[PDB]
Amino acid sequence: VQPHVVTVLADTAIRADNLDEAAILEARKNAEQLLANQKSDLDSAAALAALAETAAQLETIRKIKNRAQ
Amino acid sequence: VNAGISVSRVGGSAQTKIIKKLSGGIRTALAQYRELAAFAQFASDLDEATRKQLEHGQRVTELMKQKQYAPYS
Amino acid sequence: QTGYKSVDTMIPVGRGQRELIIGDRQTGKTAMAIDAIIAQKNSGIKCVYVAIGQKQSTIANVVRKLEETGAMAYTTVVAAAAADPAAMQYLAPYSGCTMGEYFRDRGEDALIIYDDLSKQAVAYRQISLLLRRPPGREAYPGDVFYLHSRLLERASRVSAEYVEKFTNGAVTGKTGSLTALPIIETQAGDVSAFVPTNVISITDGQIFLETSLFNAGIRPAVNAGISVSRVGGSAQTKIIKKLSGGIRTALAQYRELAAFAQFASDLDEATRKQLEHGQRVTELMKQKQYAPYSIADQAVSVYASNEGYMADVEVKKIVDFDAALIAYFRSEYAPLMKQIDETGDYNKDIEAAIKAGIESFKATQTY
Amino acid sequence: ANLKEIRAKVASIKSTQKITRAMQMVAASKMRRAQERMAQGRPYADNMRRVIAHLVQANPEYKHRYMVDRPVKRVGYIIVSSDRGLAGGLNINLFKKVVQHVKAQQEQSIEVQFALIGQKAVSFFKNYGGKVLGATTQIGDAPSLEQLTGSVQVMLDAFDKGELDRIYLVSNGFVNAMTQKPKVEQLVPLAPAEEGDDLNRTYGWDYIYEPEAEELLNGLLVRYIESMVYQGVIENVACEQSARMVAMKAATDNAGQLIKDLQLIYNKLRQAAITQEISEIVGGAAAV
Amino acid sequence: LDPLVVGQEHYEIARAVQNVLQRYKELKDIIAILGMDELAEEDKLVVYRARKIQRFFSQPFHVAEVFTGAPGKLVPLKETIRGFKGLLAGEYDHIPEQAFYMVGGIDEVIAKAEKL
Amino acid sequence: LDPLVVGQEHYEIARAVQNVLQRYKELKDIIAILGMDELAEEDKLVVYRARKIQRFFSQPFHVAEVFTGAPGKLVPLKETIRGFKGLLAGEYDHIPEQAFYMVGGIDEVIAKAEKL
Amino acid sequence: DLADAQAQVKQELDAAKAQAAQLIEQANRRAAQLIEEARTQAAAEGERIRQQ
Amino acid sequence: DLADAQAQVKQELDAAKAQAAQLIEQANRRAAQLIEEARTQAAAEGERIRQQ
Ligand SMILES: Nc1ncnc2c1ncn2[C@@H]1O[C@H](COP(=O)(O)OP(=O)(O)OP(=O)(O)O)[C@@H](O)[C@H]1O
Ligand SMILES: [Mg+2]
């Protein structure tokens with residue numbers, strides 16, 4: 001506190017009336033948790049898969065390039 | 001041999017009891033390993049059980065090696 | 001008119017135009033033709049169906065279905081089934097063209113449909129081959145281009161002056177016309193095959209069918225992304241000519257950026273709203289056979305689309321929403337749609353009445 | 001030949017290209033979000049350094065174990081990595097820097113200790129081994145300081161034993177919106193660096209210390225270190241986002257190149273097939 | 001496959017089973033990559049139902065003379081409609097798929113599930 | 001397209017225009033994805049100048065006169081050349097893109113710009 | 001204000017009943033009209049069948 | 001405050017009543033084509049009378 005500015009460096013605080021509002025902080029907690037699930041659920045599923053099939057069967061083409069018969 | 005495409009319509013009917021009894025899980029493991037071919041180069045983020053299946057497939061794959069002129073009873 | 005909102009919006013079809021349905025196999029192409037035929041309860045035109053190399057079972061099924069519709073009264077059909085002399089099959093489309101030209105030269109307007117011009121081309125190939133003629137690429141005598149082209153151009157919309165002079169004074173007012181709707185079946189959706197390649201430069205516009213969409217249950221399975229009609233809006237009614245653009249641009253935007261289906265959990269909101277708009281309007285065209293939409297029906301659907309009054313309802317019931325709206329107007333406001341399809345004009349009074357009915361429906365019974 | 005399969009391969013590659021484009025856009029949005037997230041942590045550390053400086057300038061009579069520096073016998077290291085790869089080579093060059101530094105230190109006969117964050121680095125150092133005592137994953141884009149708290153306390157107590165003498169934060173500095181560099185900086189040993197600077201007077205006014213100034217300062221140092229760790233985590237997450245974005249762009253470009261390649265070869269093959277078949281036909285017809 | 005010739009209910013059941021099976025197929029890869037848990041609770045029941053469908057399809061042959069005893073099933077279309085309708089609804093989406101294996105109608109499935 | 005054909009200065013001018021239009025084209029994707037104000041202000045100048053270029057290359061047509069009114073404008077070289085060169089000099093970076101749209105020579109463009 | 005609220009409660013319940021009547025009569029009428037038109041068209045179908 | 005919240009319940013009840021209306025509409029509308037099909041068969045019965 002200063003005669004003109006006061007502040008609190010919060011270890012953890014929530015705009016709330018009581019610890020009963022713990023039912024509210026977990027809402028954002030699990031929200032970000034769900035997002036953390038989502039980032040993987042897309043990342044590997046999109047990137048790893050499609051890129052896996054990309055280079056997969058290309059060889060049989062590159063070997064038959066100059067085929068005259 | 002490429003087991004992915006080579007087959008016989010005859011089937012185990014021309015095999016003795018014991019070998020037909022055994023070949024099943026072998027074929028299954030080969031099918032599993034063939035299934036996960038596209039991801040074989042990424043054994044860092046897959047399932048552990050899938051890794052076990054891949055390791056089993058690797059071992060049985062090496063088991064299918066043999067020399068020449070050296071047949072087996 | 002085709003009774004197909006996508007068709008009648010993005011692919012207008014004018015009396016006397018050559019337009020091509022094309023696609024791979026078992027894609028309802030036959031169904032597309034016959035349903036287009038059905039919509040001619042009020043057009044006053046006549047119609048001819050040409051069937052080539054078909055199973056008499058299929059032929060008879062089509063016959064029976066048409067009879068159920070009763071439309072086999074301003075209609076005539078000839079079929080060169082698969083159990084027929086090749087020459088019969090080869091000549092048949094020309095005969096159908098002859099019957100069409102009869103009425104066309106009577107100043108009348110009509111519609112005709114071919115079946116498997118590829119098949120009759122095959123028959124002609126075989127015939128020519130048996131004549132020891134010099135073969136061409138894929139055994140095809142060159143005149144196949146000439147063969148088809150000399151057929152297709154025989155159908156068009158004529159100058160009424162030609163009508164008058166041919167009639168020698170018998171008729172003076174109308175102008176004859178004949179619209180050509182051929183069908184080509186393709187191998188794995190290729191367009192580079194010689195015969196289709198020949199066909200393409202002939203028609204005034206083409207329509208593709210994509211297997212995956214029907215496999216995805218998209219009924220009908222038309223890919224508007226490549227299907228075009230270079231005749232412009234001149235083949236639409238004024239109101240549809242007005243209201244097509246919204247669908248045009250929304251479907252565009254969607255098809256460039258539809259990839260985000262599973263995405264847009266972090267993307268900007270405008271993209272999400274436009275995606276929902278696109279998904280809804282895309283679903284809108286899913287349609288069943290033998291259920292033609294009157295232009296008034298299409299009109300109310302497009303109005304509800306562009307008014308965004310479906311931009312607030314879940315996608316899974318859009319079809320239900322539409323059907324309910326359809327019945328609601330059909331009952332409540334029959335004279336309005338009566339007048340509409342009498343004329344097909346866009347007026348502020350008209351749109352105000354339509355919007356009032358829509359907002360009533362939303363206010364009234366739910367879907 | 002099976003040309004339709006070739007066309008299908010082309011279509012699949014096109015789809016993959018669009019998916020990469022989506023990857024890039026999502027990465028951009030995440031980048032902006034995290035870039036916002038960085039700035040919010042400033043005032044905490046700002047005011048807290050201010051008051052810690054006010055304290056030390058008010059009380060220079062003694063120091064703290066986190067303020068002191070004795071000769072180093074062992075060190076602890078904290079490295080932050082993703083749960084999933086594909087985001088450039090940030091983990092790669094990070095590991096290169098850390099391994100060369102550790103080799104530089106072991107020839108100084110000082111042991112190295114670790115607590116791990118991020119599955120990739122977790123594996124990367126488990127296989128190597130090392131003197132690791134902490135390991136964490138499932139951090140997410142907005143972790144809780146709670147999640148870091150166990151590890152950070154582990155380092156705290158280990159430092160209290162005097163076993164560990166320097167502790168270096170290992171992360172990747174967000175140099176700019178496109179390029180970022182690894183950073184390994186000691187933090188538990190602190191020296192006056194803006195702690196003896198940015199000041200010009202000791203305020204004749206001071207606060208009264210309701211608890212003991214010693215324990216109060218100790219708790220302070222706790223919070224300050226934890227906040228430093230937290231913001232470093234934020235920054236390296238943003239860097240991950242950048243690297244992933246760039247890699248997706250490059251993937252799209254390579255896809256386009258391969259598309260050109262395949263299309264050209266397809267044209268050649270179609271020509272050849274047409275030639276072969278027409279030759280067959282003309283020979284067969286010439287047979288009669 | 002047309003409602004006018006097969007009725008509506010059978011047609012729509014076929015539609016739904018097509019949808020569920022094809023959706024289960026396309027999730028195989030990601031399931032392999034991560035596992036069932038990381039998927040939303042949605043489609044877990046879908047996976048179970050698809051597996052039970054596959055089991056339900058296992059039909060002991062009437063005439064092999066030696067494959068499982070040559071038992072005929074020739075179950076009525078209506079009974080199978082009933083069973084698949086219940087399975088799509090989830091009437092029995094609480095039983096191991098094995099109970100649906102190598103059998104016919106719901107009666108056999110329930111009897112097998114109870115005997116084990 | 002050779003300095004031995006259209007002359008030296010004309011050739012270089014055209015090459016410079018091509019460079020600008022390319023440069024902006026590869027700019028487009030970054031403008032789309034990573035915003036706009038995250039780039040060199042010179043690059044932004046390039047963007048504006050290229051936009052002016054594109055706005056300018058279209059023109060009214062004497063055939064368009066009967067179509068939609070708006071009688072077309074005939075324009076030879078040595079004015080197009082000069083106007084484009086001046087645009088490349090950036091001496092017109094104080095004007096909205098509109099003055100370049102549906103218009104003849106640079107004199108007309110400045111007339112509109114003053115009148116706009 | 002509570003007395004006013006009670007009066008409002010009645011003022012809403014009566015209108016609820018009224019709109020209920022409106023909707024139900026509309027549905028009944030529409031359905032009857034539909035069954036009417038239906039069997040008339042099916043009668044056209046039957047006579048044409050006999051003519052066949 | 002509670003009474004005001006309570007009026008809203010009545011609107012939901014009215015909506016449910018309106019929803020039933022659609023049930024009855026569909027149910028009896030079905031009966032129309034039921035009759036249509038059945039005596040369409042009766043037309044077929046006149047037909048095989050004609051065939052005799
Ligand atoms: N919108 C729709 N809703 C429901 N069923 C449909 C729809 N469109 C088509 N069908 C059904 O799809 C079936 C197959 O279509 P159709 O036989 O016309 O394909 P096709 O290409 O003509 O076949 P072929 O290639 O053998 O000539 C038809 O029997 C029809 O009943
Ligand atoms: Mg057909």
# chains A, B, ... in the order shown; residues from 1 in each chain; ligands from 1
call {"tool": "interface_residues", "arguments": {"of": "chain C", "to": "chain H", "cutoff": "10 Å", "atoms": "only C-alpha atoms", "output": "PyMOL selection string"}}
result
chain C and resi 364-367
call {"tool": "residues_around", "arguments": {"residues": "segment 34-46 of chain D", "least_positions_apart": "6", "cutoff": "10 Å", "atoms": "only C-alpha atoms", "output": "PDB file with N, CA and C atoms, in the first residue's frame"}}
result
ATOM      1  N   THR A   7      -2.135  -2.283  -4.049  1.00  0.00           N
ATOM      2  CA  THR A   7      -2.316  -3.443  -4.899  1.00  0.00           C
ATOM      3  C   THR A   7      -2.022  -4.706  -4.114  1.00  0.00           C
ATOM      4  N   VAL A   8      -2.509  -5.821  -4.644  1.00  0.00           N
ATOM      5  CA  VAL A   8      -2.255  -7.135  -4.084  1.00  0.00           C
ATOM      6  C   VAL A   8      -1.630  -7.999  -5.167  1.00  0.00           C
ATOM      7  N   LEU A   9      -0.478  -8.580  -4.863  1.00  0.00           N
ATOM      8  CA  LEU A   9       0.111  -9.597  -5.719  1.00  0.00           C
ATOM      9  C   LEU A   9      -0.498 -10.927  -5.309  1.00  0.00           C
ATOM     10  N   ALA A  10      -1.448 -11.409  -6.100  1.00  0.00           N
ATOM     11  CA  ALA A  10      -2.277 -12.534  -5.702  1.00  0.00           C
ATOM     12  C   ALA A  10      -1.591 -13.848  -6.037  1.00  0.00           C
TER      13      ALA A  10
ATOM     14  N   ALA D  28      -1.794 -19.390 -36.405  1.00  0.00           N
ATOM     15  CA  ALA D  28      -1.729 -17.935 -36.338  1.00  0.00           C
ATOM     16  C   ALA D  28      -2.616 -17.403 -35.223  1.00  0.00           C
ATOM     17  N   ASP D 141      -2.062 -24.933 -23.129  1.00  0.00           N
ATOM     18  CA  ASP D 141      -1.714 -23.583 -23.549  1.00  0.00           C
ATOM     19  C   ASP D 141      -1.848 -22.585 -22.411  1.00  0.00           C
ATOM     20  N   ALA D 142      -2.712 -22.863 -21.443  1.00  0.00           N
ATOM     21  CA  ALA D 142      -2.866 -22.011 -20.267  1.00  0.00           C
ATOM     22  C   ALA D 142      -2.810 -22.892 -19.032  1.00  0.00           C
ATOM     23  N   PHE D 174      11.395 -15.652 -27.521  1.00  0.00           N
ATOM     24  CA  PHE D 174      10.594 -15.191 -28.651  1.00  0.00           C
ATOM     25  C   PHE D 174      11.269 -13.950 -29.212  1.00  0.00           C
ATOM     26  N   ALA D 177       8.189 -12.244 -34.295  1.00  0.00           N
ATOM     27  CA  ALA D 177       7.010 -12.983 -34.718  1.00  0.00           C
ATOM     28  C   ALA D 177       7.339 -14.178 -35.602  1.00  0.00           C
ATOM     29  N   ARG D 223       7.639 -16.350  -4.838  1.00  0.00           N
ATOM     30  CA  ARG D 223       6.698 -15.892  -5.860  1.00  0.00           C
ATOM     31  C   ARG D 223       7.408 -15.369  -7.098  1.00  0.00           C
ATOM     32  N   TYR D 224       8.489 -14.622  -6.910  1.00  0.00           N
ATOM     33  CA  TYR D 224       9.177 -14.042  -8.054  1.00  0.00           C
ATOM     34  C   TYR D 224       9.687 -15.134  -8.978  1.00  0.00           C
ATOM     35  N   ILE D 225      10.317 -16.157  -8.404  1.00  0.00           N
ATOM     36  CA  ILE D 225      10.855 -17.236  -9.223  1.00  0.00           C
ATOM     37  C   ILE D 225       9.732 -17.967  -9.942  1.00  0.00           C
ATOM     38  N   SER D 227       6.821 -16.849 -10.858  1.00  0.00           N
ATOM     39  CA  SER D 227       6.318 -16.008 -11.936  1.00  0.00           C
ATOM     40  C   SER D 227       7.269 -16.011 -13.123  1.00  0.00           C
ATOM     41  N   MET D 228       8.574 -15.970 -12.852  1.00  0.00           N
ATOM     42  CA  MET D 228       9.539 -16.020 -13.941  1.00  0.00           C
ATOM     43  C   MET D 228       9.360 -17.300 -14.742  1.00  0.00           C
ATOM     44  N   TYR D 230       6.706 -19.117 -14.993  1.00  0.00           N
ATOM     45  CA  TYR D 230       5.428 -19.083 -15.687  1.00  0.00           C
ATOM     46  C   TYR D 230       5.541 -18.313 -16.995  1.00  0.00           C
ATOM     47  N   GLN D 231       6.115 -17.112 -16.941  1.00  0.00           N
ATOM     48  CA  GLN D 231       6.209 -16.330 -18.166  1.00  0.00           C
ATOM     49  C   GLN D 231       7.118 -17.003 -19.182  1.00  0.00           C
ATOM     50  N   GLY D 232       8.189 -17.657 -18.725  1.00  0.00           N
ATOM     51  CA  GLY D 232       9.021 -18.396 -19.660  1.00  0.00           C
ATOM     52  C   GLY D 232       8.247 -19.491 -20.364  1.00  0.00           C
ATOM     53  N   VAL D 233       7.393 -20.191 -19.618  1.00  0.00           N
ATOM     54  CA  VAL D 233       6.531 -21.201 -20.220  1.00  0.00           C
ATOM     55  C   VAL D 233       5.667 -20.571 -21.300  1.00  0.00           C
ATOM     56  N   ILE D 234       5.075 -19.421 -20.987  1.00  0.00           N
ATOM     57  CA  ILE D 234       4.230 -18.731 -21.956  1.00  0.00           C
ATOM     58  C   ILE D 234       5.013 -18.437 -23.229  1.00  0.00           C
ATOM     59  N   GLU D 235       6.208 -17.872 -23.067  1.00  0.00           N
ATOM     60  CA  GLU D 235       6.993 -17.475 -24.227  1.00  0.00           C
ATOM     61  C   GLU D 235       7.349 -18.676 -25.085  1.00  0.00           C
ATOM     62  N   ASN D 236       7.783 -19.767 -24.458  1.00  0.00           N
ATOM     63  CA  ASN D 236       8.166 -20.913 -25.267  1.00  0.00           C
ATOM     64  C   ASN D 236       6.959 -21.530 -25.954  1.00  0.00           C
ATOM     65  N   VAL D 237       5.782 -21.456 -25.334  1.00  0.00           N
ATOM     66  CA  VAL D 237       4.577 -21.936 -26.002  1.00  0.00           C
ATOM     67  C   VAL D 237       4.319 -21.121 -27.262  1.00  0.00           C
ATOM     68  N   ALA D 238       4.450 -19.801 -27.153  1.00  0.00           N
ATOM     69  CA  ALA D 238       4.289 -18.962 -28.335  1.00  0.00           C
ATOM     70  C   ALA D 238       5.300 -19.331 -29.414  1.00  0.00           C
ATOM     71  N   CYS D 239       6.539 -19.601 -29.009  1.00  0.00           N
ATOM     72  CA  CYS D 239       7.569 -19.973 -29.974  1.00  0.00           C
ATOM     73  C   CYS D 239       7.207 -21.274 -30.681  1.00  0.00           C
ATOM     74  N   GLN D 241       4.245 -22.285 -31.251  1.00  0.00           N
ATOM     75  CA  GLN D 241       3.194 -21.949 -32.201  1.00  0.00           C
ATOM     76  C   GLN D 241       3.790 -21.405 -33.491  1.00  0.00           C
TER      77      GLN D 241
END
call {"tool": "calpha_fit_and_write", "arguments": {"fixed": "chain H", "moving": "chain G", "output": "short mmCIF file (atom, residue, chain, number, x, y, z; two decimals) with N, CA, C and O atoms, in the first residue's frame"}}
result
data_model
loop_
_atom_site.label_atom_id
_atom_site.label_comp_id
_atom_site.auth_asym_id
_atom_site.auth_seq_id
_atom_site.Cartn_x
_atom_site.Cartn_y
_atom_site.Cartn_z
N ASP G 1 -38.43 -14.49 -8.57
CA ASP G 1 -38.31 -15.83 -9.11
C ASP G 1 -39.67 -16.47 -9.33
O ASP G 1 -39.87 -17.19 -10.31
N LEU G 2 -40.63 -16.20 -8.44
CA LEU G 2 -41.99 -16.70 -8.62
C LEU G 2 -42.63 -16.11 -9.87
O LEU G 2 -43.32 -16.82 -10.62
N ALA G 3 -42.45 -14.81 -10.09
CA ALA G 3 -42.97 -14.20 -11.31
C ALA G 3 -42.35 -14.85 -12.54
O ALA G 3 -43.04 -15.18 -13.52
N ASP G 4 -41.03 -15.06 -12.50
CA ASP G 4 -40.36 -15.75 -13.60
C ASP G 4 -40.94 -17.14 -13.80
O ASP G 4 -41.10 -17.59 -14.94
N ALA G 5 -41.25 -17.82 -12.70
CA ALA G 5 -41.82 -19.16 -12.78
C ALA G 5 -43.18 -19.15 -13.46
O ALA G 5 -43.48 -20.03 -14.27
N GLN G 6 -44.02 -18.17 -13.13
CA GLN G 6 -45.31 -18.06 -13.80
C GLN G 6 -45.13 -17.85 -15.30
O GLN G 6 -45.78 -18.52 -16.12
N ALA G 7 -44.23 -16.93 -15.66
CA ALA G 7 -43.95 -16.72 -17.08
C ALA G 7 -43.50 -18.01 -17.74
O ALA G 7 -43.92 -18.32 -18.86
N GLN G 8 -42.66 -18.78 -17.05
CA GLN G 8 -42.21 -20.05 -17.59
C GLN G 8 -43.38 -21.02 -17.76
O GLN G 8 -43.42 -21.79 -18.72
N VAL G 9 -44.32 -21.00 -16.82
CA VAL G 9 -45.48 -21.88 -16.91
C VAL G 9 -46.24 -21.61 -18.20
O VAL G 9 -46.60 -22.54 -18.94
N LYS G 10 -46.48 -20.34 -18.49
CA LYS G 10 -47.11 -20.01 -19.77
C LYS G 10 -46.23 -20.45 -20.94
O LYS G 10 -46.71 -21.01 -21.94
N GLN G 11 -44.92 -20.20 -20.82
CA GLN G 11 -43.96 -20.55 -21.86
C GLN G 11 -43.92 -22.04 -22.13
O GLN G 11 -43.44 -22.46 -23.19
N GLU G 12 -44.39 -22.85 -21.20
CA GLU G 12 -44.45 -24.28 -21.46
C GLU G 12 -45.82 -24.72 -21.95
O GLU G 12 -45.92 -25.58 -22.83
N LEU G 13 -46.89 -24.13 -21.40
CA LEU G 13 -48.23 -24.54 -21.81
C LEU G 13 -48.49 -24.21 -23.27
O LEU G 13 -49.12 -24.99 -23.99
N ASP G 14 -48.01 -23.05 -23.73
CA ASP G 14 -48.21 -22.69 -25.13
C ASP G 14 -47.53 -23.70 -26.05
O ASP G 14 -48.11 -24.15 -27.05
N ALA G 15 -46.29 -24.07 -25.73
CA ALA G 15 -45.58 -25.06 -26.54
C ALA G 15 -46.26 -26.41 -26.48
O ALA G 15 -46.27 -27.15 -27.48
N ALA G 16 -46.84 -26.76 -25.33
CA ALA G 16 -47.60 -28.00 -25.24
C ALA G 16 -48.77 -27.98 -26.21
O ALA G 16 -48.99 -28.94 -26.96
N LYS G 17 -49.52 -26.88 -26.24
CA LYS G 17 -50.62 -26.75 -27.18
C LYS G 17 -50.12 -26.86 -28.62
O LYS G 17 -50.75 -27.50 -29.47
N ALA G 18 -48.99 -26.21 -28.91
CA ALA G 18 -48.46 -26.22 -30.26
C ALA G 18 -48.12 -27.64 -30.71
O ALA G 18 -48.56 -28.08 -31.78
N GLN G 19 -47.35 -28.36 -29.90
CA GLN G 19 -46.99 -29.72 -30.26
C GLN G 19 -48.23 -30.60 -30.35
O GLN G 19 -48.27 -31.53 -31.16
N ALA G 20 -49.23 -30.31 -29.53
CA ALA G 20 -50.50 -31.01 -29.65
C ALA G 20 -51.07 -30.84 -31.05
O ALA G 20 -51.44 -31.83 -31.71
N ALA G 21 -51.12 -29.60 -31.52
CA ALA G 21 -51.62 -29.34 -32.86
C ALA G 21 -50.80 -30.10 -33.89
O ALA G 21 -51.36 -30.74 -34.80
N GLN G 22 -49.48 -30.05 -33.76
CA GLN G 22 -48.60 -30.72 -34.72
C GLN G 22 -48.95 -32.19 -34.82
O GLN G 22 -49.19 -32.73 -35.91
N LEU G 23 -49.00 -32.87 -33.67
CA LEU G 23 -49.21 -34.30 -33.68
C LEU G 23 -50.57 -34.65 -34.26
O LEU G 23 -50.70 -35.58 -35.06
N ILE G 24 -51.60 -33.89 -33.87
CA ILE G 24 -52.94 -34.27 -34.29
C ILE G 24 -53.11 -34.06 -35.79
O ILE G 24 -53.70 -34.91 -36.49
N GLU G 25 -52.58 -32.96 -36.33
CA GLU G 25 -52.69 -32.75 -37.77
C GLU G 25 -51.91 -33.81 -38.53
O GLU G 25 -52.36 -34.30 -39.57
N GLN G 26 -50.73 -34.19 -38.01
CA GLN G 26 -49.95 -35.22 -38.68
C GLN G 26 -50.72 -36.53 -38.75
O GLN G 26 -50.78 -37.17 -39.81
N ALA G 27 -51.33 -36.92 -37.63
CA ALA G 27 -52.08 -38.17 -37.60
C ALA G 27 -53.25 -38.13 -38.58
O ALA G 27 -53.47 -39.07 -39.35
N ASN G 28 -54.00 -37.02 -38.57
CA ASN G 28 -55.14 -36.90 -39.47
C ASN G 28 -54.70 -37.03 -40.92
O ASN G 28 -55.28 -37.80 -41.70
N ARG G 29 -53.65 -36.29 -41.29
CA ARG G 29 -53.16 -36.32 -42.67
C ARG G 29 -52.73 -37.73 -43.07
O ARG G 29 -53.10 -38.22 -44.15
N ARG G 30 -51.94 -38.38 -42.22
CA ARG G 30 -51.45 -39.70 -42.55
C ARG G 30 -52.60 -40.66 -42.78
O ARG G 30 -52.62 -41.41 -43.76
N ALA G 31 -53.59 -40.64 -41.88
CA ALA G 31 -54.71 -41.56 -42.00
C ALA G 31 -55.48 -41.33 -43.30
O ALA G 31 -55.87 -42.29 -43.98
N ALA G 32 -55.72 -40.06 -43.64
CA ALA G 32 -56.45 -39.77 -44.87
C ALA G 32 -55.68 -40.28 -46.08
O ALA G 32 -56.25 -40.93 -46.96
N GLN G 33 -54.38 -40.03 -46.10
CA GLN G 33 -53.54 -40.54 -47.18
C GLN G 33 -53.62 -42.05 -47.26
O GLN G 33 -53.68 -42.64 -48.35
N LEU G 34 -53.62 -42.72 -46.10
CA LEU G 34 -53.72 -44.18 -46.11
C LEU G 34 -55.03 -44.66 -46.71
O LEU G 34 -55.05 -45.62 -47.48
N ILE G 35 -56.15 -44.05 -46.30
CA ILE G 35 -57.45 -44.50 -46.81
C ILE G 35 -57.51 -44.29 -48.32
O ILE G 35 -57.99 -45.14 -49.08
N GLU G 36 -57.02 -43.14 -48.77
CA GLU G 36 -56.81 -42.88 -50.18
C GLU G 36 -56.14 -44.05 -50.90
O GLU G 36 -56.74 -44.69 -51.79
N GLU G 37 -54.89 -44.35 -50.51
CA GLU G 37 -54.12 -45.36 -51.23
C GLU G 37 -54.80 -46.69 -51.16
O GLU G 37 -54.83 -47.44 -52.14
N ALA G 38 -55.35 -47.01 -49.99
CA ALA G 38 -56.08 -48.25 -49.81
C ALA G 38 -57.15 -48.44 -50.87
O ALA G 38 -57.21 -49.48 -51.54
N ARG G 39 -58.03 -47.45 -51.03
CA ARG G 39 -59.18 -47.81 -51.85
C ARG G 39 -58.74 -47.82 -53.30
O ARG G 39 -59.22 -48.55 -54.13
N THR G 40 -57.70 -47.05 -53.63
CA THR G 40 -57.14 -47.11 -54.98
C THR G 40 -56.61 -48.50 -55.32
O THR G 40 -56.88 -49.05 -56.41
N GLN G 41 -55.82 -49.09 -54.42
CA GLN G 41 -55.37 -50.46 -54.65
C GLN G 41 -56.52 -51.46 -54.68
O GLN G 41 -56.52 -52.40 -55.49
N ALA G 42 -57.50 -51.30 -53.80
CA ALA G 42 -58.62 -52.23 -53.84
C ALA G 42 -59.39 -52.08 -55.15
O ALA G 42 -59.99 -53.04 -55.64
N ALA G 43 -59.38 -50.88 -55.74
CA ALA G 43 -60.04 -50.70 -57.04
C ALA G 43 -59.29 -51.44 -58.14
O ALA G 43 -59.91 -52.02 -59.05
N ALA G 44 -57.96 -51.40 -58.10
CA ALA G 44 -57.20 -52.26 -58.99
C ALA G 44 -57.62 -53.72 -58.82
O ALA G 44 -57.82 -54.45 -59.81
N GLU G 45 -57.79 -54.15 -57.57
CA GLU G 45 -58.20 -55.53 -57.33
C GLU G 45 -59.56 -55.82 -57.96
O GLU G 45 -59.76 -56.87 -58.57
N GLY G 46 -60.51 -54.90 -57.80
CA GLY G 46 -61.84 -55.14 -58.33
C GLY G 46 -61.84 -55.24 -59.84
O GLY G 46 -62.51 -56.11 -60.42
N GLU G 47 -61.10 -54.36 -60.51
CA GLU G 47 -61.08 -54.44 -61.97
C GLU G 47 -60.44 -55.74 -62.43
O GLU G 47 -60.92 -56.36 -63.39
N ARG G 48 -59.36 -56.18 -61.78
CA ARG G 48 -58.78 -57.45 -62.20
C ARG G 48 -59.74 -58.60 -61.93
O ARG G 48 -59.76 -59.58 -62.68
N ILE G 49 -60.55 -58.49 -60.88
CA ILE G 49 -61.56 -59.51 -60.61
C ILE G 49 -62.56 -59.59 -61.76
O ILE G 49 -62.90 -60.68 -62.25
N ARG G 50 -63.04 -58.43 -62.20
CA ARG G 50 -63.96 -58.41 -63.33
C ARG G 50 -63.31 -58.99 -64.58
O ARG G 50 -63.96 -59.69 -65.37
N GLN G 51 -62.03 -58.71 -64.77
CA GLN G 51 -61.33 -59.26 -65.93
C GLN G 51 -61.26 -60.78 -65.85
O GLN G 51 -61.42 -61.47 -66.86
N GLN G 52 -61.02 -61.32 -64.65
CA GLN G 52 -61.08 -62.76 -64.47
C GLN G 52 -62.43 -63.30 -64.87
O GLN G 52 -62.53 -64.34 -65.55
#
call {"tool": "select_by_dssp", "arguments": {"residues": "segment 121-216 of chain C", "states": "helix (DSSP H, G or I)", "output": "PyMOL selection string"}}
result
chain C and resi 121-130+137-139+144-152+160-167+194-200+211-215
call {"tool": "interface_residues", "arguments": {"of": "chain B", "to": "chain E", "cutoff": "9 Å", "atoms": "only C-alpha atoms", "output": "number ranges by chain"}}
result
B: 36, 39, 45-47, 50
call {"tool": "closest_atom_pairs", "arguments": {"of": "chain A", "to": "chain D", "cutoff": "7 Å", "atoms": "only C-alpha atoms", "output": "JSON lines"}}
result
{"residue": "A:9", "atom": "CA", "partner": "D:44", "partner_atom": "CA", "distance": 6.5}
{"residue": "A:32", "atom": "CA", "partner": "D:142", "partner_atom": "CA", "distance": 6.7}
{"residue": "A:36", "atom": "CA", "partner": "D:140", "partner_atom": "CA", "distance": 5.1}
{"residue": "A:50", "atom": "CA", "partner": "D:16", "partner_atom": "CA", "distance": 5.9}
{"residue": "A:54", "atom": "CA", "partner": "D:13", "partner_atom": "CA", "distance": 6.5}
{"residue": "A:65", "atom": "CA", "partner": "D:265", "partner_atom": "CA", "distance": 6.5}
{"residue": "A:68", "atom": "CA", "partner": "D:272", "partner_atom": "CA", "distance": 6.4}
